[PDB]
């Protein structure tokens, strides 16, 4: 019944400070070292800091030395993490971890993590750009088209094709967070290549946080630039 619960995450502005919390229970908290681990959206696990049982010693990884402070309050069974000045690369999931019972060189219990999303953006409706089918986009009896939903905040956005008439071959990708702090995603349909001139395909972009409803027809690339 050992549980670790991270807290303090969400949407945070770059250049400001952030303090994350880790509520521990089910074990004697004041007797174990603790660690902060983070995972970037597309990268692996990154070890950040360690603090001793009674909080008198703290050590850091080279990539985060001078940027963070690990700390604890053994009277409330809570571990803390202080980021001095948030950067774009701090967008990540931050895991709280307990020193393992079998020895100090492993961690036997981790928390579920909390999501830190660093962005300075206000609410913004997206720009929809068409991804047109062409010779480079056609192979055999299939053709790939789509819509590019760019520069919005916050998540999510819904994408349908011809007011839900299309279903087969439709794949709407997850959103990516850019260096600007705005999300981007694209939806793609694979349809017969011969039917491109006799059919009109439209995406139905809805970004309700901005009360946005955009329809963009996607037509095949005529001629050359």
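Numbering follows the first chain given and starts at 1.
- As the entry records it, the average C-alpha temperature factor is higher for 172 to 180, out of 63 to 71 and 172 to 180.
- The PDB entry reports B-factors from which the mean C-alpha value can be compared for 158 to 166 and 22 to 30; the larger average falls on 158 to 166.
- When the C-alpha B factors of 105, 114, 117, 137 are read from the deposited coordinates, the top value falls at 137.
- Between the residues 56, 190, 187, 39, the entry's highest C-alpha temperature factor is the one at 190.
- Per the deposited record, the Cα B-factor of residue 98 falls in the lowest third when ranked against the other modelled residues of its chain.
- When the modelled residues of the chain are ordered by C-alpha B-factor, residue 77 sits in the lowest third.
- Residue 11: CA B factor lies in the lowest third for its chain, per the PDB record.
- Remark: residue 142 belongs to the highest third of its chain, ranked by C-alpha B-factor as recorded.
- Looking at the C-alpha B-factors along this chain, the one for residue 195 belongs to the highest third.
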